[PDB]
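So this one's input-v9.cif, mmCIF, C-alpha atoms and all ligand atoms; chains and numbers go by the auth columns:
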data_structure
#
loop_
_atom_site.group_PDB
_atom_site.id
_atom_site.type_symbol
_atom_site.label_atom_id
_atom_site.label_comp_id
_atom_site.label_asym_id
_atom_site.label_seq_id
_atom_site.Cartn_x
_atom_site.Cartn_y
_atom_site.Cartn_z
_atom_site.B_iso_or_equiv
_atom_site.auth_seq_id
_atom_site.auth_asym_id
ATOM 1 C CA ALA A 1 -9.157 4.526 1.385 0.00 1 A
ATOM 2 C CA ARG A 2 -6.331 7.006 0.938 0.00 2 A
ATOM 3 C CA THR A 3 -4.232 6.085 -2.082 0.00 3 A
ATOM 4 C CA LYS A 4 -1.421 7.449 -4.184 0.00 4 A
ATOM 5 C CA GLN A 5 0.525 6.553 -7.288 0.00 5 A
ATOM 6 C CA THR A 6 4.297 6.658 -7.716 0.00 6 A
ATOM 7 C CA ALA A 7 6.529 6.204 -10.746 0.00 7 A
ATOM 8 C CA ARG A 8 7.661 2.634 -11.475 0.00 8 A
ATOM 9 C CA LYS A 9 10.478 2.660 -14.052 0.00 9 A
ATOM 10 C CA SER A 10 10.390 -1.117 -14.489 0.00 10 A
ATOM 11 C CA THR A 11 7.011 -0.505 -16.153 0.00 11 A
ATOM 12 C CA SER B 1 2.092 2.191 -15.453 0.00 1 B
ATOM 13 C CA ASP B 2 2.603 3.471 -11.918 0.00 2 B
ATOM 14 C CA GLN B 3 2.616 1.784 -8.497 0.00 3 B
ATOM 15 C CA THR B 4 -0.497 2.245 -6.352 0.00 4 B
ATOM 16 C CA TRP B 5 -0.105 2.515 -2.595 0.00 5 B
ATOM 17 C CA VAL B 6 -2.755 2.683 0.116 0.00 6 B
ATOM 18 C CA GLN B 7 -2.294 4.186 3.574 0.00 7 B
ATOM 19 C CA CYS B 8 -3.203 2.163 6.640 0.00 8 B
ATOM 20 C CA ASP B 9 -5.650 4.181 8.709 0.00 9 B
ATOM 21 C CA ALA B 10 -4.243 2.724 11.934 0.00 10 B
ATOM 22 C CA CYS B 11 -0.478 2.951 11.540 0.00 11 B
ATOM 23 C CA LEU B 12 -0.232 5.449 8.640 0.00 12 B
ATOM 24 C CA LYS B 13 2.212 3.312 6.658 0.00 13 B
ATOM 25 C CA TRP B 14 1.885 3.198 2.892 0.00 14 B
ATOM 26 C CA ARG B 15 1.445 -0.283 1.411 0.00 15 B
ATOM 27 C CA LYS B 16 1.882 -1.282 -2.216 0.00 16 B
ATOM 28 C CA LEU B 17 -1.198 -2.782 -3.858 0.00 17 B
ATOM 29 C CA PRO B 18 -1.536 -4.912 -6.972 0.00 18 B
ATOM 30 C CA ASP B 19 -2.332 -2.943 -10.099 0.00 19 B
ATOM 31 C CA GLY B 20 -6.022 -2.753 -10.893 0.00 20 B
ATOM 32 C CA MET B 21 -7.348 -2.761 -7.315 0.00 21 B
ATOM 33 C CA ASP B 22 -9.828 -0.003 -8.187 0.00 22 B
ATOM 34 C CA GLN B 23 -12.247 -0.611 -5.311 0.00 23 B
ATOM 35 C CA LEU B 24 -11.188 -0.210 -1.669 0.00 24 B
ATOM 36 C CA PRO B 25 -13.067 0.214 1.600 0.00 25 B
ATOM 37 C CA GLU B 26 -13.488 3.663 3.079 0.00 26 B
ATOM 38 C CA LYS B 27 -10.974 2.789 5.826 0.00 27 B
ATOM 39 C CA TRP B 28 -8.168 0.374 5.032 0.00 28 B
ATOM 40 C CA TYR B 29 -5.734 -1.374 7.360 0.00 29 B
ATOM 41 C CA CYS B 30 -2.619 -3.505 6.942 0.00 30 B
ATOM 42 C CA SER B 31 -4.644 -6.507 8.084 0.00 31 B
ATOM 43 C CA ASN B 32 -6.513 -6.327 4.756 0.00 32 B
ATOM 44 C CA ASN B 33 -3.413 -6.542 2.599 0.00 33 B
ATOM 45 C CA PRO B 34 -3.609 -9.251 -0.059 0.00 34 B
ATOM 46 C CA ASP B 35 0.167 -9.687 0.447 0.00 35 B
ATOM 47 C CA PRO B 36 0.738 -11.652 3.684 0.00 36 B
ATOM 48 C CA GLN B 37 4.199 -10.089 4.022 0.00 37 B
ATOM 49 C CA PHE B 38 2.685 -6.660 4.716 0.00 38 B
ATOM 50 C CA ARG B 39 -0.401 -7.635 6.649 0.00 39 B
ATOM 51 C CA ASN B 40 0.712 -6.441 10.107 0.00 40 B
ATOM 52 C CA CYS B 41 1.171 -2.819 11.133 0.00 41 B
ATOM 53 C CA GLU B 42 4.539 -3.679 12.650 0.00 42 B
ATOM 54 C CA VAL B 43 6.102 -4.537 9.274 0.00 43 B
ATOM 55 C CA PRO B 44 8.208 -1.568 8.122 0.00 44 B
ATOM 56 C CA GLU B 45 7.019 0.566 5.250 0.00 45 B
ATOM 57 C CA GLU B 46 8.694 -0.430 1.996 0.00 46 B
ATOM 58 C CA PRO B 47 10.878 2.159 0.354 0.00 47 B
ATOM 59 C CA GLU B 48 9.958 3.781 -2.892 0.00 48 B
ATOM 60 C CA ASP B 49 12.021 3.247 -5.976 0.00 49 B
ATOM 61 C CA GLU B 50 14.971 5.614 -6.595 0.00 50 B
HETATM 62 ZN ZN ZN C . -1.007 -0.573 9.521 0.00 101 A
#

If you convert what's in this file into structure tokens, what do you get?
Amino acid sequence: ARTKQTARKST
Amino acid sequence: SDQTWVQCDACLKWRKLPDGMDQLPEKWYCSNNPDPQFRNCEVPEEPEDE
């Protein structure tokens, strides 16, 4: 599958 | 830790996944979402954080 990551400030 | 998203191969929306889902099928669709709220291609894509 095509995935990505993005910043999550809460963690 | 970051947020993982997967793209639906049918509708091209990005869907958040739980952390640690490190194995996915070659093609993935909204219908496979573990979250029932985002399990239909008609549900709008969630916004990213600011
Ligand atoms: Zn879809």

Residue IDs satisfying the PyMOL selection byres ((chain B) within 10 of (chain A and not hetatm)), as a PyMOL selection string:
chain B and resi 1-9+12+14-17+23-29+48-50

6 Å shell around ligand ZN 101 (chain A) using all atoms listed in the file, listed as an MDAnalysis selection string:
chainID B and resid 8 10:11 13 29:30 41

Residues just named, written with C-alpha atoms as a JSON list (two decimals), in the coordinates of the input:
[["chain", "number", "residue", "atom", "x", "y", "z"],
["B", 8, "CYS", "CA", -3.20, 2.16, 6.64],
["B", 10, "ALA", "CA", -4.24, 2.72, 11.93],
["B", 11, "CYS", "CA", -0.48, 2.95, 11.54],
["B", 13, "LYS", "CA", 2.21, 3.31, 6.66],
["B", 29, "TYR", "CA", -5.73, -1.37, 7.36],
["B", 30, "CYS", "CA", -2.62, -3.50, 6.94],
["B", 41, "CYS", "CA", 1.17, -2.82, 11.13]]

What gap, in Å, lies between atom CA of residue B:34 and atom CA of residue B:22?
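If I compute the distance from atom CA of residue B:34 to atom CA of residue B:22, I get 13.8 Å.
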
Can you sort out the box for chain A, edges along x, y and z, all listed atoms in, 5 Å on every side, with centre and edge lengths in Å to one decimal, as AutoDock Vina command-line options?
--center_x 0.7 --center_y 3.2 --center_z -7.4 --size_x 29.6 --size_y 18.6 --size_z 27.5
